[PDB]
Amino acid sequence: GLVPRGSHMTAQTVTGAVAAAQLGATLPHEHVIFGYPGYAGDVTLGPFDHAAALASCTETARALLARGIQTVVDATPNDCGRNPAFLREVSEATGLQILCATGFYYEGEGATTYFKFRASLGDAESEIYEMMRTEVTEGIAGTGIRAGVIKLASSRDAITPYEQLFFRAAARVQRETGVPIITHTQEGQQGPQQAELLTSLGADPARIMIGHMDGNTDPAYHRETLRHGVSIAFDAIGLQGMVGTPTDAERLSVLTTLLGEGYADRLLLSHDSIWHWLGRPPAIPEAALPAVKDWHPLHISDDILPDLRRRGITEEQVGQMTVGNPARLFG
């Protein structure tokens, strides 16, 4: 239907180039490791235990492979603990394909001091553009590992001036290389705005996935976003009633409405799970346990798909969402 148009490079995973057909069932938004900005300053008591993270992540990778998932797109921002070399370790040890990102978190929670400083002194947008293009076409941090996607994020109330520097640089790398763009939206807002801004800047809608769209429960919101021709991702499936996220029941209700309206070619599914936290492992208060109970990477394969199927979603629609769409968007 709507295929990518323009410059295009082969999907780049942490262990190298992969043919679109080799992508297979994919979870489009996950984090093997993740650390909120500041975690590095807690290194004395929250050090990274490499051998333990490697064993724990390889184990999650193997379970994903057991479900038939061959690929995970790691959406971790550059300022949130991103580590391509660790990701490659996990990929080499298990055979699970992993793509990583190039990009910064949103203004509300990212490490924003650096680039705001750069922006006050000069043209931050060019510096950001140059970083993204380098990481996507040459490699990250001298490692030879390239980012297979650009990650963008924005705040609840507006795409801030700080965030726009990134949207503009990303659009330019998108136009030049064809690399896909996945995003974060805050609390169910700005999806239409991100799609509008990115398309108006010349980025290809067929190579754009607006994320955290499950954060809004009014289907008209998803529909206005989808009008732009972009894909949307229900990507925090399993995280319930936390930070006001809705329940999975709410998400599936919107999702089956959209599936019923013919939107399969534009819907992607993920959990935004964190397999291993950077910093001190988080202590989840008693009360919060249920909100995170289904928040792990086997939740869609074991619970959501069977649920969609029994509700009448067809095998073909599930295939389109988990295999067709990722094949087109990232390959």
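Start at 1 and count along the sequence shown; that's the residue number.
Colleague: Read off the CA B-factors in the entry, average them over 231-239 and over 140-148, and name the higher stretch.
Modeller: Between 140-148 and 231-239, it is 140-148 that shows the higher mean C-alpha B-factor.
Colleague: Mind pulling up the entry and telling me whether 179-187 or 243-251 has the higher mean Cα temperature factor?
Modeller: So the stretch with the higher mean C-alpha B-factor is 243-251.
Colleague: So if I compare the CA B-factors in the entry for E163, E196, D74, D79, which one is the largest?
Modeller: In the PDB entry, the greatest C-alpha B-factor among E163, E196, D74, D79 is found at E196.
Colleague: Return the residue from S126, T102, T113, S154 that has the highest Cα B-factor in the entry.
Modeller: In this record, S126 carries the highest C-alpha B-factor of the candidates.
Colleague: Just say lowest, middle or highest third for the CA B-factor of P205 relative to the other modelled residues in its chain.
Modeller: As the PDB entry reports it, the C-alpha B-factor of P205 lands in the middle third of its chain.
Colleague: Ranked by Cα temperature factor within the chain, is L329 in the lowest third, the middle third or the highest third?
Modeller: As the PDB entry reports it, the C-alpha B-factor of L329 lands in the middle third of its chain.
Colleague: Looking at the temperature factor on the CA atom of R62, which third of the chain's modelled residues does it land in?
Modeller: Middle third by C-alpha B-factor.
Colleague: Lowest, middle or highest third: where is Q320 by Cα B-factor in its chain?
Modeller: Middle third by C-alpha B-factor.
Colleague: Quick check for you: using the entry's CA B-factors within this chain, is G279 in the lowest, middle or highest third?
Modeller: CA B-factor rank for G279: middle third.
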